[PDB]
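Protein chains in written order, with the authors' numbering: chain C, 1011 to 1059; chain K, 816 to 1253; chain J, 596 to 699.
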Amino acid sequence: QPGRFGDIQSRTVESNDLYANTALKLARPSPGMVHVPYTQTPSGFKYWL
Amino acid sequence: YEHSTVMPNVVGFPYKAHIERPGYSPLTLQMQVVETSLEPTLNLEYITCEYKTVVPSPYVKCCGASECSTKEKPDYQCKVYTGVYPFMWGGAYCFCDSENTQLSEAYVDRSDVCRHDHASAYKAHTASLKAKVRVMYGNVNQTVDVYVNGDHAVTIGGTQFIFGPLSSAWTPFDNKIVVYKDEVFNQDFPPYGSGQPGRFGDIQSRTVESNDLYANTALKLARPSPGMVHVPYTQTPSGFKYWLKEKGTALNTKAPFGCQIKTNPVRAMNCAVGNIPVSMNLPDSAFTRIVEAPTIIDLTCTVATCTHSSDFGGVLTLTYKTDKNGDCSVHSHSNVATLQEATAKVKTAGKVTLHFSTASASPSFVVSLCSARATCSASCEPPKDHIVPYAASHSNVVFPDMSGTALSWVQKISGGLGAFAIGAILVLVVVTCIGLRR
Amino acid sequence: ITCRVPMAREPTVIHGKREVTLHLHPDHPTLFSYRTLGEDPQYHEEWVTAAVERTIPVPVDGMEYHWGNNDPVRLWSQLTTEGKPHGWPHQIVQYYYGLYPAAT
Ligand SMILES: *[C@@H]1O[C@H](CO)[C@@H](O[C@@H]2O[C@H](CO)[C@@H](O)[C@H](O)[C@H]2NC(C)=O)[C@H](O)[C@H]1NC(C)=O
Ligand SMILES: *[C@@H]1O[C@H](CO)[C@@H](O)[C@H](O)[C@H]1NC(C)=O
């Protein structure tokens, strides 16, 4: 679950598959600007730490 | 034709109004309320803002004496001190060692900026209501703004509508309110001319352009320290900033009934309370003759699915026998269930489908299609989703019909017990009568 | 003049029986407030500094919460419970008690 322990997991340290759930929602850029906005829940690993 | 009915004062709740007169096809009216605003009448009492203290340069007299006279100025405070020895960078100031007098004075005046930043005090009276209503029927679909007081009348498609007056006279503002920027506070404030220092109302003014001012800030002067030139003074801080620091909880986050508070002008919007009575006068051009409208015979009703939820969680099927295809008006004659569509299309096949919303476990209601009527009873199950983001689209009714399973069980139990009791009464009466015969 | 301010992160919502649980992850001290749309509202407001969890009651009338600088968000609760409303009498009474305890 996002925001808690284990938001991203890998089967091993050298695996190529990854499962992530952080609610990466986008948003419309402000008029007359060049940028990409996004809202994302902070890393849950730091929260657990 | 004249008609009158009552609608619930809930924003976004559809209302179906059924009008029937002999010799004409029944009509259904769709009425909705998009926004409602309640505004009271105010009488300005005073305004308050931050102040400033004017302390002009002190007067020093060498080998002499001075006396000051009072002046008409807010909180004017004057004093004269003797035996002073002013000093500056060049050296001494006067010959006389102990014959110098210092005259000091200070006063208070409103801030040069507080025209832009000020807080107003108001007294609230009876409040008037205005609303915006959307009306749909036939090929007419229009939104108009009305006064909900029983006087204003509007015309739509040759039809006269009159709204109000509101059933319950309820207002969120108390007698005395305080307005600042975009927030209102339901708090008591001191009357004019009786302000206290350090709290709200340290300085006062009748209006923003007033040339008069009443201030009470405890301006106290003191004797200057020896060998210096300055005017010391101690004074309680401005009460306006103190009030700004711990004003409390604004009405915007405390008003009941979930209606929003706005300023300029002060008003409350979407205050869901009470019901609105509406009266209407219709012309003869909005109806249709019986000859043109289709004829429906042998109408019966069966329910397909029922799940009492916020949305239209119920579907049923209607069977009929007609003579020609066309359009009819469908209505629900009971408050227990609400229909979604008001006009339906009927063809030679004889099958139509309708969607409805309900709250009771076992609803029972009469459904009318054109000139025909039928009865519907259903069995429903509760939903599983806990929290949903749309408001309820049904009137809260919970008491089930007498034909429901639980009521059937209690009826059967009571009937058995009553029959047993009647049997006991009959047995005792027969026994005592037989005993009295001898 | 016109003065620019950021929008707070969207909270995390977990549903429940007449209750919601909000996980809040602020980046600055932010004002969080909530109220109920009933006759007597249980208004509340506070300052949030660190990541926290909160429980908010949602009656059948409705709840409105304000977080950061986003628009207020409104929620409603349906009539949900356990037990069959068309079965044996004890199931009937248990379901109705789930709806309203005191009356039943
Ligand atoms: C110049 O200084 C002398 C002080 O030497 C001042 O004389 C004083 O005048 C006051 C006012 O009448 C008297 O009360 C004092 O007794 C005087 N002092 C002496 C020592 O006589 C004089 O007034 C000053 N002149 C000006 C123009 O400032
Ligand atoms: C009535 O008009 C409004 C305004 O254009 C529109 O949003 C609404 O969908 C219309 N209703 C119908 C039933 O067409």
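Every residue, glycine too, gets a C-beta built ideally from N, C-alpha and C.
- Set against 7 Å, the gap from the CB of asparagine 954 (chain K) to the closest heavy atom of ligand 2 is not smaller.
- Contacts between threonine 1068 (chain K) and chain J, judged by CB atoms closer than 7 Å, involve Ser628, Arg630, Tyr638 and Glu640 in chain order.
- By the beta-carbon neighbour count (other beta carbons within 10 angstroms, threshold 16), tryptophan 1058 (chain C) is exposed.
- Residues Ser628 of the same chain have their beta carbon placed closer than 6 Å to that of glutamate 640 (chain J), with the five preceding and five following residues left out of the count.
- Any Cβ of chain J closer than 8 Å to the Cβ of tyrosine 1048 (chain C) would place that residue at the interface, and such an atom is absent.
- The Cβ-Cβ distance between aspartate 1017 (chain K) and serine 1053 (chain K) falls below 8 Å.
- One Cα belongs to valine 1151 (chain K), the other to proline 1178 (chain K), and the distance between them is close to 7 Å.
- For the set K:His1045, K:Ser1125 and K:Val923, the Cα lying nearest the Cα of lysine 886 (chain K) is the one of K:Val923.
- The shortest CA-to-CA distance from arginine 1014 (chain K) to any of K:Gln1155, K:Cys911, K:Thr986 and K:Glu865 is the one to K:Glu865.
- Counting C-beta atoms within 10 angstroms of its own C-beta, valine 1161 (chain K) has 16 or more neighbours from the protein chains shown and is therefore classed as buried.
- Taking a C-beta cut-off of 7 Å against chain J, the contacting residues of the stretch 1011-1040 of chain C are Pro1012 and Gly1013, listed in chain order.
- Rounded to the nearest whole angstrom, the CA to CA distance from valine 1046 (chain C) to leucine 1034 (chain C) is 12 Å.
- Using a Cβ-Cβ cut-off of 8 Å, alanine 697 (chain J) does not count as an interface residue toward chain C, since no Cβ of chain C sits closer than that to its own.
- Here DSSP, grouped into helix, strand and coil, assigns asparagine 858 (chain K) to strand.
- Residue side-chain check: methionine 951 (chain K) places its Cβ nearer than 7 Å to a non-hydrogen atom of ligand 2.
- Pairing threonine 1163 (chain K) with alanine 1108 (chain K), the inter-Cα distance amounts to about 14 Å.
- Listed in chain order, the alpha helix (DSSP H) runs fully inside the stretch 605-690 of chain J amount to none, counting runs of at least 4 residues.
- In this structure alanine 934 (chain K) is buried. Its beta-carbon is surrounded by 16 or more other beta-carbon atoms within 10 angstroms.
- Contact between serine 1124 (chain K) and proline 1198 (chain K) holds, with the beta-carbon distance rounding to 4 Å and staying under 8 Å.
- Per the DSSP secondary-structure output, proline 980 (chain K) pairs with nothing in a beta bridge.
- Counting C-beta atoms within 10 angstroms of its own C-beta, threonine 1049 (chain K) has fewer than 16 neighbours from the protein chains shown and is therefore classed as exposed.
- Under the Cβ criterion (8 Å, minimum of three pairs), the stretch 1080-1095 of chain K counts as touching the stretch 973-983 of chain K.
- Between the alpha carbons of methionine 1084 (chain K) and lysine 991 (chain K) lies a distance of about 20 Å.
- By a beta-carbon distance limit of 8 Å, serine 1020 (chain K) contacts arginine 925 (chain K). Their separation comes to about 7 Å.
- Counting every other CB atom within 10 Å of its CB across the protein chains shown gives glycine 1219 (chain K) a total of 16 or more, marking it as buried.
- Within 10 angstroms of the beta-carbon of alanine 984 (chain K) lie fewer than 16 other beta-carbons, which makes it exposed.
- Secondary structure within the stretch 1063-1127 of chain K: not one fully enclosed alpha helix (DSSP H) run of 4 or more consecutive residues is present.
- Residues of chain J with a Cβ closer than 9 Å to the Cβ of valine 1203 (chain K) are, in chain order, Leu670, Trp671, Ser672 and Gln673.
- The stretch 1155-1239 of chain K is shown to contain whole beta strand (DSSP E) runs of 3 or more residues at 1158-1161, 1166-1173, 1179-1184 and 1187-1192, in chain order.
- Between ligand 1 and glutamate 914 (chain K), a heavy atom-to-CB distance of less than 7 Å is present.
- Secondary structure note for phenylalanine 1055 (chain K): it is in no beta strand (DSSP E), and the uninterrupted alpha helix (DSSP H) holding it is 1054-1060.
- The beta-carbon of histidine 610 (chain J) is placed no less than 8 Å from the nearest beta-carbon of chain C.
- DSSP places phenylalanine 1000 (chain K) inside the beta strand (DSSP E), whose first and last residues are 998-1000.
- Under the Cβ distance rule, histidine 1123 (chain K) counts among the residues neighbouring chain J, one pair being separated by less than 8 Å.
- Pairing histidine 1201 (chain K) with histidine 610 (chain J), the inter-Cα distance amounts to about 7 Å.
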